[PDB]
């Protein structure tokens, strides 16, 4: 009996390692991204002011003031908001600031959140969608709210479009996490031909916003300066040029000052007084709001309750039921239907945009997505 003196094949990539080897809720804040998007509304008084003004230059100031304000609550809000489930809605009615705002998570890959806002007196519509495109930039993560933001001043037959600056989270790997916001922002008034430029200057000039307003002719009509953590000012351009808390240039005009976060704040995730109301519920509101409102979302619920262990268990559950829901539509050939926004041309730029489908505030909700 004769045996073999050699092996058949002589002795001799990441695939093997990949095949054979979520986010911690301790890094979230108790807010859906949709709710973090409604903080855009924190200073809706500027919109209402804008609508009551005759001169479009003065009107562009308040919209410029408002655009800065809608991204102003983010200082020290280093908690990531929960990525909204597909079909997650969120509504907010505020009787004092005079608006209603429905938002719906439209897609999940990529994550797109659609929102529609209306003044209660029918003076404005505010709408758009946001994809927060996350990019690891060095030792920091960038979030970039991709998407146009459209504000229609109904009493004035005009609409303003713009996009938001980039929101950067530094020291994400090491050090005290902190928020920067930089980018340039053009506000086009599509009736007048008026343009407003807002540079959110990057860091010294921390939080520094500088910019100007010009007519369609391209004549500057005022400069705009301040910090998105505090305030914006308008001033005559000629004296702003010569003259480069906050440095108050002579004869400037206060356009906006940040709303109030409570002394309780740094114990409550640095939420504003506006933010503290976002995720609240009560027996009345339970009957009316739909089953997709993120006020009925157990993990944000349980985290706001302190039950963090129950929050991370509940979070992984929804995400899993959401994959599973995707794979059944992946096979059953059904494809997802957006209850409250449909897709369509933005008429002021011709760029695809999500468009409110109507009928939300009628209630009588029917066949809603069962996403919890």
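Positions refer to the first chain, counted from 1.
Per the record, residue 12 and residue 13 are separated by 4 to 9 deposited residues that have no coordinates. Taking the mean C-alpha B-factor of each stretch as recorded, 105-113 and 158-166 are not equal, and the higher mean is that of 105-113. Of the two segments examined, 142-150 and 283-291, it is 283-291 that shows the higher average Cα temperature factor in the deposited entry. Among 43, 49, 327, 36, the highest C-alpha B-factor in the deposited entry belongs to 327. Per the PDB record, 322 has a higher Cα B-factor than any other of 61, 69, 322, 343. Per the deposited record, the Cα B-factor of residue 65 falls in the lowest third when ranked against the other modelled residues of its chain. The deposited CA B-factor of residue 85 belongs to the middle third of values across its chain. In the PDB entry, a CA B factor belonging to the lowest third of its chain's modelled residues is recorded for residue 128.
Compared with the other modelled residues of the chain, the Cα B-factor recorded for residue 198 ranks in the lowest third. Residue 271: CA B factor in the lowest third of modelled residues in this chain (values from the PDB entry).
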